[PDB]
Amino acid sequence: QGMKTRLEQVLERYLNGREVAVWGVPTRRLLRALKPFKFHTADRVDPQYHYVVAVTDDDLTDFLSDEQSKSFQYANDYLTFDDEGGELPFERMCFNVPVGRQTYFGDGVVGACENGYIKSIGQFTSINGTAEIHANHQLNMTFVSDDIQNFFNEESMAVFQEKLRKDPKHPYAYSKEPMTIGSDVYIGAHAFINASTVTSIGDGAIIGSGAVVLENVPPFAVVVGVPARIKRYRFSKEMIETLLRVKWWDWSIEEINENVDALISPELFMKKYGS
């Protein structure tokens, strides 16, 4: 019966006894998510009394164009409802998928979370909204269709599903681990990652615009092309091992600011933590 929306996860932490002020045309899905909370359609809004929910990105453009929005802080005081992959200051869940802090993605990757193709997405990871993650259909039967199964009776379905589960090429991502997407990852526009054949986008990996990723991407590799190939690595092997031990992406806010100089300068990072 429908898991927790991003908006509900935010309102549970930040509403703080205010009323939700809906900026835009309310939808069936929004009204259901708002049932636990006091809400009304927005007119004059004040962050002391109101939490502003823009329904669509279009409504958010309008809200942020309004003089009233000046005193509203992102996430703390306002959000967009139709933004399930939007970044948040806290770790959360997108369907059954853990998502780290300040990590964002778009509708294709939200769907991949819904489909079970993703195990988790790390911290401080930036995924262009047009990136896509999908699986392969079966390639070892007479047909390649999936929706033919809407015509299968109980006995036919059983035989079909049995064969799918034994296929070592993992059609529909069967019999494989869902993919882990690391921290400090960047994925470009129109990139594609194949969920039948990829289990790992390593920490720090960069996926170029338009890349077609068919196998795992090592940590801090930069991959480009159709099919994607490793073009370079962001850092030396010694610094990659250092990054994988330090895991700055799990630091507290205090520590991130404490060490902003090492985050900004790789040379300083190596002097401090490379031992």
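The first residue of the shown sequence is 1; numbering continues from there. Between two forms, the rigid core is defined as the largest C-alpha subset superposing within 1.5 Å.
Once the structures in 7 other deposited structures of this protein are superposed via the core, the pair 70 to 78 and 132 to 140 is resolved in favour of 70 to 78 as the more displaced stretch (C-alpha RMS). Each structure in 7 other deposited structures of this protein is fitted to the shown form on the rigid core, and of 39 to 47 and 212 to 220 the C-alphas lie farther away on average for 39 to 47. Taking the mean C-alpha B-factor of each stretch as recorded, 202 to 210 and 228 to 236 are not equal, and the higher mean is that of 228 to 236.
Averaged over their C-alpha atoms, the temperature factors of 167 to 175 and 140 to 148 are higher for 167 to 175. Reading the B-factor column for the CA atoms of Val52, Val217, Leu60, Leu31 in the entry, the top value corresponds to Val217. When the C-alpha B-factors of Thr56, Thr41, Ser65, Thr27 are ranked from the entry, the top spot goes to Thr41. Per the deposited record, the Cα B-factor of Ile127 falls in the lowest third when ranked against the other modelled residues of its chain. In the deposited entry, the Cα temperature factor of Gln161 sits in the middle third of values across the chain's modelled residues. Per the PDB record, residue ranking by Cα B-factor puts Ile121 in the lowest third of the chain. Ranked by C-alpha B-factor against the other modelled residues of its chain, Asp83 falls in the middle third. The deposited CA B-factor of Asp107 belongs to the middle third of values across its chain.
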